[PDB]
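Q: Here the protein sequences line up with chains G, C, B, F, E, A, D and H, keeping their order.
FYI, the numbering for the first sequence is 14 to 119, going by PDB author numbering.
FYI, the numbering for the second sequence is 14 to 119, going by PDB author numbering.
FYI, the numbering for the third sequence is 21 to 102, going by PDB author numbering.
FYI, the numbering for the fourth sequence is 16 to 102, going by PDB author numbering.
FYI, the numbering for the fifth sequence is 38 to 134, going by PDB author numbering.
FYI, the numbering for the sixth sequence is 38 to 134, going by PDB author numbering.
FYI, the numbering for the seventh sequence is 28 to 122, going by PDB author numbering.
FYI, the numbering for the eighth sequence is 28 to 122, going by PDB author numbering.
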Amino acid sequence: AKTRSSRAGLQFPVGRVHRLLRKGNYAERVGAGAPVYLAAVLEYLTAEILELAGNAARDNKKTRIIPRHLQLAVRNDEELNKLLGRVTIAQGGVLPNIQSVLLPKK
Amino acid sequence: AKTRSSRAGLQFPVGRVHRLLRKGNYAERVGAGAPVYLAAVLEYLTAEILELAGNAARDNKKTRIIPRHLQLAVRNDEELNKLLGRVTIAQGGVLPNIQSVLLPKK
Amino acid sequence: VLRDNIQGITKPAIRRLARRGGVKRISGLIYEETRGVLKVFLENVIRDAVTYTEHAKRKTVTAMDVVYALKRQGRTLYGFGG
Amino acid sequence: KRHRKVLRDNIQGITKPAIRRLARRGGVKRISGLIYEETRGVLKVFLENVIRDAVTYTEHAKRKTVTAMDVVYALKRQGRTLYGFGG
Amino acid sequence: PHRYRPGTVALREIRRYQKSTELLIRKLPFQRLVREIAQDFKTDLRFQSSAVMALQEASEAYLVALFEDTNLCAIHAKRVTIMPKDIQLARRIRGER
Amino acid sequence: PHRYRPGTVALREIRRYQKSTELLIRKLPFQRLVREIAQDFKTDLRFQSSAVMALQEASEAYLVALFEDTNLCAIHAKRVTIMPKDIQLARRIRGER
Amino acid sequence: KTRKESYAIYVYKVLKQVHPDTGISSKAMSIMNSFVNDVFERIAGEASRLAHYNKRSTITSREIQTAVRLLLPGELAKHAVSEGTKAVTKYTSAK
Amino acid sequence: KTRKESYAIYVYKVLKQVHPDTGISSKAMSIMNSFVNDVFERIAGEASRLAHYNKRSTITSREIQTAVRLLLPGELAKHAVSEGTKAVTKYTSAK
DNA sequence: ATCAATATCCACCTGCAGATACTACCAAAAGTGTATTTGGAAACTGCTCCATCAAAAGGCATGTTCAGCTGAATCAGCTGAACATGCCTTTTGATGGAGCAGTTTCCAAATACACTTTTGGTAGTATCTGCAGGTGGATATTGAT
DNA sequence: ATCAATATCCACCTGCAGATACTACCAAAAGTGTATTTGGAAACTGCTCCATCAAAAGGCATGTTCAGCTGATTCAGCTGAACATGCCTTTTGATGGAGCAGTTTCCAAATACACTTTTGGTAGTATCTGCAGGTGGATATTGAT
Ligand SMILES: [Mg+2]
Numbered sequence: 014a015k016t017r018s019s020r021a022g023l024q025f026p027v028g029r030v031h032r033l034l035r036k037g038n039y040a041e042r043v044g045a046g047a048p049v050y051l052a053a054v055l056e057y058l059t060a061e062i063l064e065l066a067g068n069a070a071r072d073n074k075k076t077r078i079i080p081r082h083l084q085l086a087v088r089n090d091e092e093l094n095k096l097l098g099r100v101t102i103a104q105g106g107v108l109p110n111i112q113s114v115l116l117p118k119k
Numbered sequence: 014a015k016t017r018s019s020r021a022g023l024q025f026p027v028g029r030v031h032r033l034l035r036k037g038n039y040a041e042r043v044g045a046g047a048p049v050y051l052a053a054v055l056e057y058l059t060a061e062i063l064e065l066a067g068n069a070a071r072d073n074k075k076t077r078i079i080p081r082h083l084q085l086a087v088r089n090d091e092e093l094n095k096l097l098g099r100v101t102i103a104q105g106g107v108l109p110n111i112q113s114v115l116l117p118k119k
Numbered sequence: 021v022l023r024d025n026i027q028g029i030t031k032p033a034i035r036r037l038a039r040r041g042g043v044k045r046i047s048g049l050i051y052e053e054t055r056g057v058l059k060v061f062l063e064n065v066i067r068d069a070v071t072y073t074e075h076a077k078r079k080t081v082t083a084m085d086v087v088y089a090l091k092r093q094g095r096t097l098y099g100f101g102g
Numbered sequence: 016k017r018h019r020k021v022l023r024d025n026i027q028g029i030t031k032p033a034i035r036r037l038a039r040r041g042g043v044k045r046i047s048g049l050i051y052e053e054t055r056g057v058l059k060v061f062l063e064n065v066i067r068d069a070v071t072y073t074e075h076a077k078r079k080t081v082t083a084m085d086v087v088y089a090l091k092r093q094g095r096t097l098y099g100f101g102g
Numbered sequence: 038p039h040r041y042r043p044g045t046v047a048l049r050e051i052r053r054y055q056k057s058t059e060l061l062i063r064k065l066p067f068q069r070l071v072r073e074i075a076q077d078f079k080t081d082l083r084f085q086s087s088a089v090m091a092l093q094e095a096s097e098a099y100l101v102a103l104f105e106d107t108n109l110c111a112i113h114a115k116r117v118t119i120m121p122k123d124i125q126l127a128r129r130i131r132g133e134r
Numbered sequence: 038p039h040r041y042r043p044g045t046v047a048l049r050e051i052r053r054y055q056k057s058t059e060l061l062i063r064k065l066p067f068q069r070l071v072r073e074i075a076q077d078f079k080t081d082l083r084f085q086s087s088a089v090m091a092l093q094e095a096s097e098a099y100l101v102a103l104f105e106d107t108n109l110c111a112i113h114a115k116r117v118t119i120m121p122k123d124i125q126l127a128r129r130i131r132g133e134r
Numbered sequence: 028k029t030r031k032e033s034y035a036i037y038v039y040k041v042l043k044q045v046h047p048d049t050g051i052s053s054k055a056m057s058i059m060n061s062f063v064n065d066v067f068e069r070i071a072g073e074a075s076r077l078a079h080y081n082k083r084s085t086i087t088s089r090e091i092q093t094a095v096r097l098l099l100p101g102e103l104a105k106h107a108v109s110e111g112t113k114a115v116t117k118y119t120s121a122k
Numbered sequence: 028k029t030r031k032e033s034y035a036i037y038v039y040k041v042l043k044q045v046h047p048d049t050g051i052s053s054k055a056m057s058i059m060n061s062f063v064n065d066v067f068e069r070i071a072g073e074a075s076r077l078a079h080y081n082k083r084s085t086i087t088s089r090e091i092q093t094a095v096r097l098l099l100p101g102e103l104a105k106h107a108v109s110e111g112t113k114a115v116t117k118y119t120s121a122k
């Protein structure tokens, strides 16, 4: 026996993905590649965020990723921000940002 | 020899609504009351809008409801306006409304 | 010292939120306005959550009840299940 | 087919007067001269987003013609549902 | 020699256009614009004429609503003249950015 | 005998709070408010601890972001002081009104 | 010459019921047809999700009911809920 | 008692490939898990819709692909599409 | 106020577009009836985890003081509305084919069912450590002068 | 400018909440081999309607003119920021019991299948009618004076 994930070179469960698709009433039937494709895509996106959130951890002199690191990762990247633009990350706070007219005069 | 519509006291078509529920893959199984209850709600809403649209037609001395009358109906009714707050009625126009400060003198 | 619960949402707490939001100076009338807005928010969300609860024949609002309410309100939240 | 006319600068068919009419329907009394370019921009973005999705549907269906339904489905994805054209 | 004061025709037009429902952008220009943008995404495409109409109905509806919001932004600023900054504030708040 | 100028502390707090992520409303008052509101929908209700939390997270996110837009509206009107009208304008443009 | 179905005759029946001397233009009917399809899809969707959330495989009139309360606003919901309840009750007792 | 599934370990596997010296809080993992479930639903949801529009009974990778295009922003979409077509190739050829 | 230029509102009419009509027909419906499968309510019950509350923590209601913001008043410069004017571009109505969409055959592919292997969630007990929270002292920032 | 009050910075230390590690375990997916059902590309062709040409209906571009709006300046006064801490509300932690969630049961209701009927669509050719768009004719609105 050899997992469909390992066949597809993926850390993400092709099996589970396949199942979840059937028991989702998304359609009558489900081709064999769809879960592979789908699972890749999820893996991919997970990596991207984990990368940037790690980098965010690094910047703040940390090795354990927390919510704040996911928030800084997501809202400092134009594309992730847009994909997650109607999502709230619990315990993420906000990007430091102050409108310039609110700064004291030089 | 009796339709389920007449059985339920409805103009809207229960058979049809049953059929469309199955093929839309909303769940494995569709209970017998569901298409009845839904067809009723559908009929209730379409009645409510036609009533109000009819009055707009009559308020304009017309006999044939056109899209402008549908729009006047929906937009003049708080609850239909919300239910359709992110929907556009082709050929409906907008409600007459000029902001105060824009009018003449003081 | 009899008092409405909405008023428990105090000036300083509201002031802090504003601050997180980048706000420097705040009209005194904001506090009542903000409470009004918060109350409408919670109503809309809670109404929907409870409706989920009642459907599940429960007497406890679960975090998933809230999460699902937020999702259909267009306010998807991450970190409490689902 | 022989020859196929080149499309360019059509954004400028969205004339000053037509934009002024839409402002009017929108209840606008006075319009700064810079509005027209800005509006052309905004419209161009709006169309690109809708047409991309519409055409994506077209291609997925392996068609060469964009249907009213492709546009209707695109409009729905983007939270701008339209009634009157089959959806 | 006779004249309306500035603002008087403008309100006249508001009442006129708020009362009707015809499309306010000329058909053909708008058609070309569609075809152009589409072509830039994909060549040798055709359009059902109702598909162009659907786009036009959507586009005009979108733009008319944007101008109400825009107008409100000017008025908030104690002006009666819409400017690009008003459109921009509307679109930021709307979440279009 | 040492006093800070108006708005120095305001700035200081902006920086502080933009940096942190703690919830800024006290747990208990909020919990009551939630329960009170739920009572008008159904009586004899109980709440998971995480459910109340989720509601708080969401409300504070919601309100923080509305203050951003609000602040933009005050600035639009050439002010630095948020007023109820700015909240109102933001909610109207967002399509909450 | 493939058969394109709509809710038009039903909308017309109901129209006659409420405004017996009033007609409806085909564009107006088109919008009416869109509106029914839309609300159907939106109720059926909420229903769908709701079932799933409760690990149910079946969509009953109870699911539709909650979907309605979730989807519609106050007073429309109250009345739509009557009419559906009424119709089911009357459906059950009619055999 | 009932087994509560999660993407957490797969997330964790991927974390290590990407940052082998970096860890992750519970709360952070929960968020990642929501994320995966969300995107899952969004993509499947769109794919479903596509099949239906096109009178098809099946969700094939073509549907997931078009779905991804429609949902993801420009560059993200491109990479995801490549990672997706990749994984399917690799999987087919593997015995 | 008065006059008058111009828009607006009726009312009445008339062609004709587009709507209601109807008779023929039919394929795809919905309905009816009988056979077989099972989902979920229903009922008992075990153990979280939720409300309650006492004790320990600590954030906020208070009123006073005044810096500095908001908004009213004023004004010049100039942008944008109105309009007259010349005519280019769109709109409207009538003739060729690319491609859509409807039928059918056929296998490559997904379903199903049952079986056999492993993986992933939990719990058990313990195992380990990143970092929040505290210290100290050096330096920056702000505000008074 | 200088001077000092206070906020902010960095380094180092330390206990433990919250992380990773672990093995049993077993149960429940996921994968493996066999038999079944079904979907949708390819091949073909009717035929809708899209692209593409010429004639008629009216909206667009452009320059001129000046009304009145915007945005700068100033300024008085009002209103929100900052401030000190005892005081009262929230937080932390301790403990019964509601209820949620796990499990098993059994039946009312749902799926399946197979004639049987009804109906909702279209198509062909006809037949009717609401109203849009023309006219002229009586009343409102607007702006000069
Ligand atoms: Mg081009």
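A virtual CB, placed ideally from N, CA and C, is assigned to each residue, including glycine.
According to DSSP, simplified to helix, strand and coil, what is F62(D)?
A: Locating residue 62(D) in the seventh sequence gives position 35, counting from the first residue. The answer is helix: DSSP assigns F62(D) an H, G or I state.
Q: Can at least three beta-carbon pairs, one atom from the segment 94-109 of chain E and one from the segment 23-40 of chain F, be found at a separation below 8 angstroms?
A: The segment 94-109 of chain E is in contact with the segment 23-40 of chain F.
Q: Spell out whether any CB of chain D is found under 8 angstroms from the CB atom of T16(C).
A: Mapped onto the second sequence, residue 16(C) falls at position 3. No - not a single Cβ of chain D is within 8 angstroms of the one on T16(C).
Q: 8 angstroms is my cut-off, CB to CB: does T80(F) come that close to chain D?
A: As a first step, residue 80(F) is located in the fourth sequence; it is residue number 65 there, counting from the start. So, not an interface residue.
Q: Would a C-beta distance cut-off of 8 angstroms place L49(B) and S96(A) closer than the cut-off?
A: Here residue 49(B) corresponds to residue number 29 of the third sequence, with the count starting at 1. Here residue 96(A) corresponds to residue number 59 of the sixth sequence, with the count starting at 1. Cβ distance not < 8 angstroms, so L49(B) and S96(A) don't count as in contact.
Q: Kindly indicate if chain C contains any beta-carbon less than 8 angstroms away from that of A70(G).
A: As a position in the first sequence, residue 70(G) is number 57, starting the count at 1. It does not: the Cβ of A70(G) has no partner Cβ on chain C nearer than 8 angstroms.
Q: Can you tell me the Cβ-Cβ gap for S61(D) and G102(F), rounded? I've got them flagged as a contact below 8 angstroms.
A: The residue you call residue 61(D) lines up with position 34 of the seventh sequence. The residue you call residue 102(F) lines up with position 87 of the fourth sequence. About 6 angstroms; that satisfies the 8 angstroms criterion.
Q: Whose C-beta lies closer than 7 angstroms to the C-beta of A83(F) among residues of the same chain, with five residues either side of it excluded?
A: One-based indexing of the fourth sequence puts residue 83(F) at position 68. Closer than 7 angstroms at Cβ, skipping near neighbours: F100, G101.
Q: For chain G, is any of its Cβ atoms less than 8 angstroms away from the one on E50(A)?
A: Translated into positions along the sixth sequence, residue 50(A) becomes position 13. False, the Cβ-Cβ gap to chain G never drops below 8 angstroms.
Q: Do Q24(C) and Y37(D) have their CB atoms nearer than 8 angstroms?
A: For this step, residue 24(C) is matched to residue 11 along the second sequence. For this step, residue 37(D) is matched to residue 10 along the seventh sequence. Yes, the pair counts as a contact, with Cβ atoms nearer than the cut-off.
Q: Is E63(F) near ligand 1, going by C-beta to nearest heavy atom under 7 angstroms?
A: For the purposes of this step, residue 63(F) is taken as the residue at position 48 of the fourth sequence. No, the beta carbon of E63(F) sits no closer than 7 angstroms to any heavy atom of ligand 1.
Q: To the nearest angstrom, how far is it from the Cα of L42(D) to the Cα of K15(C)?
A: For this step, residue 42(D) is matched to residue 15 along the seventh sequence. For this step, residue 15(C) is matched to residue 2 along the second sequence. Straight-line Cα distance between these residues: approximately 23 angstroms.
Q: Along the chain, where does the alpha helix (DSSP H) containing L96(G) start, and where does it finish?
A: For the purposes of this step, residue 96(G) is taken as the residue at position 83 of the first sequence. 91-96 is the span of the alpha helix (DSSP H), which, as asked, contains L96(G).
Q: Inspect the CB distances between the segment 40-58 of chain C and the segment 42-54 of chain G and report whether three or more fall short of 8 angstroms.
A: Flag = no, the segment 40-58 of chain C and the segment 42-54 of chain G do not touch.
Q: Which two residues bound the contiguous beta strand (DSSP E) that contains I102(G)?
A: By one-based count along the first sequence, residue 102(G) stands at place 89. Its beta strand (DSSP E) spans residues 100-102.
Q: Taking the continuous alpha helix (DSSP H) assigned at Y57(C), which residues delimit it?
A: The residue given as residue 57(C) occupies position 44 in the second sequence. Where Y57(C) is concerned, the enclosing alpha helix (DSSP H) stretches over 47-72.
Q: Which first and last residues belong to the alpha helix (DSSP H) in which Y118(D) is found?
A: As a first step, residue 118(D) is located in the seventh sequence; it is residue number 91 there, counting from the start. Taken as a continuous stretch (DSSP letters only), the alpha helix (DSSP H) holding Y118(D) covers 101-119.
Q: For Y98(F), list the residues DSSP reports as bridge partners.
A: Within the fourth sequence, the letter at position 83 stands for residue 98(F). Partner(s): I102(C).
Q: In chain order, what residues of the same chain have a beta carbon less than 6 angstroms from the beta carbon of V30(C), not counting five sequence neighbours either side?
A: Stepping through the second sequence from its first residue, residue 30(C) is reached at position 17. Closer than 6 angstroms at Cβ, skipping near neighbours: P48, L51, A52.
Q: Please report whether the beta-carbon of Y118(D) lies at a distance below 8 angstroms from any beta-carbon of chain B.
A: Counting from 1 along the seventh sequence, the entry for residue 118(D) is found at position 91. Answer no: the Cβ-Cβ gap between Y118(D) and chain B never drops below 8 angstroms.
Q: Ordered along the chain, which non-local residues of its own chain (more than five positions away) have a Cβ less than 7 angstroms from that of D123(E)?
A: The residue given as residue 123(E) occupies position 86 in the fifth sequence. Excluding residues within five positions, the ones whose Cβ falls inside 7 angstroms are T107, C110, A111.
Q: Taking 8 angstroms as the cut-off, does the segment 71-84 of chain G touch the segment 116-131 of chain E (at least 3 CB pairs, one atom from each stretch)?
A: At 8 angstroms Cβ cutoff, the stretches do not touch.
Q: Compute every distance between the C-beta of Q93(A) and the non-hydrogen atoms of ligand 1, then say whether any falls below 7 angstroms.
A: Taking the sixth sequence and counting its residues from 1, one reaches residue 93(A) at position 56. Every heavy atom of ligand 1 is 7 angstroms or more from the Cβ of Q93(A), so no.
Q: So what does DSSP say about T54(B), is it helix, strand or coil?
A: On the third sequence, position 34 is the one that residue 54(B) refers to. The answer is helix: DSSP assigns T54(B) an H, G or I state.
Q: Could you check if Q76(E) belongs to the surroundings of ligand 1, using beta carbon to heavy atom distance under 7 angstroms?
A: Numbered from 1 along the fifth sequence, position 39 holds the residue referred to as residue 76(E). Because some heavy atom of ligand 1 lies under 7 angstroms away, the Cβ of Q76(E) counts as near it: yes.
Q: Can you say whether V100(G) is buried or exposed, counting buried as having 16 or more other CB atoms within 10 angstroms of its CB?
A: For this step, residue 100(G) is matched to residue 87 along the first sequence. Buried.
Q: Quick check on the burial criterion: 16 or more other C-beta atoms within 10 angstroms. Buried or exposed for residue 2(G)?
A: Because chain G is modelled from 14 through 119, residue 2(G) falls outside the range shown and cannot be assessed.
Q: Counting only beta-carbon atoms, is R83(D) nearer than 8 angstroms to chain B?
A: If you number the seventh sequence from 1, residue 83(D) lands on position 56. Not an interface residue.
Q: At a cut of 8 angstroms, does the segment 91-100 of chain C reach the segment 98-108 of chain D through at least three beta carbon pairs?
A: Enough Cβ pairs lie closer than 8 angstroms, so yes.
Q: I'd like to know if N89(C) contacts chain F, where contact means its C-beta is closer than 8 angstroms to some C-beta of that chain.
A: Residue mapping note: residue 89(C) aligns to position 76 of the second sequence, counting from 1. By this cut-off, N89(C) is not an interface position.
Q: Following the continuous alpha helix (DSSP H) through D106(A), name the residue where it begins and the one where it ends.
A: To locate residue 106(A), count along the sixth sequence from 1; it is residue 69. That run of the alpha helix (DSSP H) goes 86-113.
Q: What span of residues does the alpha helix (DSSP H) with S88(D) cover, start to end?
A: As a first step, residue 88(D) is located in the seventh sequence; it is residue number 61 there, counting from the start. Unbroken alpha helix (DSSP H) run through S88(D): 88-98.
Q: So with CB distances below 8 angstroms, who are the chain E contacts of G98(C)?
A: Here residue 98(C) refers to the residue found at position 85 when the second sequence is read from its first residue. By Cβ distance, chain E contributes nothing, its closest Cβ being about 11 angstroms from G98(C), past 8 angstroms.
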